[PDB]
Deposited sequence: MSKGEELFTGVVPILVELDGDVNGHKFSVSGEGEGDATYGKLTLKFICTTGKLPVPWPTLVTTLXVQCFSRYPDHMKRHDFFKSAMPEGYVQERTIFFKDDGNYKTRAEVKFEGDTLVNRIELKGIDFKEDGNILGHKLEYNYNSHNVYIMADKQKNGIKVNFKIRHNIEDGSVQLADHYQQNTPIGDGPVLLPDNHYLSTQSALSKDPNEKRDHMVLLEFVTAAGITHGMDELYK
């Protein structure tokens, strides 16, 4: 409705994250655009503090599900856009198997015509020689499904899914994601029936960019109903 009409065209996106993983502090700034009509996201992220101390793929999920394409028949299940423009809080705990965890809190809302994702990330219990702090993950990203359920008690949603990061030896580093989103405003939101978002992502590098960075192209579509 009101929220849905804010995404019918191309919307500029800004992402700002401050992180601390095992005491390694860093900041990331991202810019790009989203076109929910095609579930399309294009963004470029920059580590503004120097070298990123964790692998870029591990930050992908943290670094705007309101850009998902919801088929017309599923639009009544789109919580994310319904919370706009006031926005929502997105919180996650990401458990890296046999390693540490990230806890994140983000506020996603409009500032003017720009969709902004402001994030604080805290990582603890990482192994200094593990796949994360040791940078043993390939610079790529597998397709992932996100499973969404209503959470009535918080007037929001609960989300869970698995991400499998590719290790450079051919193995896999699992990152189990637990997520909750709650509206910032007190207006009504769409509480959905169970469904999922199917996402595909491609990571690349800007050949003229010398700062540590990540270019991302992502397509996201809601599914699972009718």
item: Stretches with no C-alpha position, numbering per deposited sequence from 1; value: 1, 65, 229-236
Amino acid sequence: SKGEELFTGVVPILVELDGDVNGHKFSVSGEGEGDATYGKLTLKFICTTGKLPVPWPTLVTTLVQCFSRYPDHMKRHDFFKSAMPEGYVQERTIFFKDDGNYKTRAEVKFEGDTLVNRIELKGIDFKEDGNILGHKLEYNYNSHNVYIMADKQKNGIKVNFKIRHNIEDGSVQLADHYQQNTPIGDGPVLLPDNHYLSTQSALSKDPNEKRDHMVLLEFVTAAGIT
From here on, numbers count along this sequence of modelled residues.
| property | result |
| --- | --- |
| Segment of higher mean CA temperature factor, 136-144 or 150-158 | 150-158 |
| 51-59 versus 184-192 - which carries the larger mean C-alpha B factor in the record | 184-192 |
| Per the PDB entry, maximal CA B factor within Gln200, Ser29, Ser171, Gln179 | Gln200 |
| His73, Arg92, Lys122, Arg118, ranked by C-alpha B-factor: the highest one | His73 |
| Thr104 - which third its CA temperature factor falls in, relative to the rest of the chain | lowest |
| Position of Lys25 among the chain's modelled residues by C-alpha B-factor, lowest, middle or highest third | middle |
| Chain third (lowest, middle, highest) by recorded CA B-factor, residue given as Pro12 | lowest |
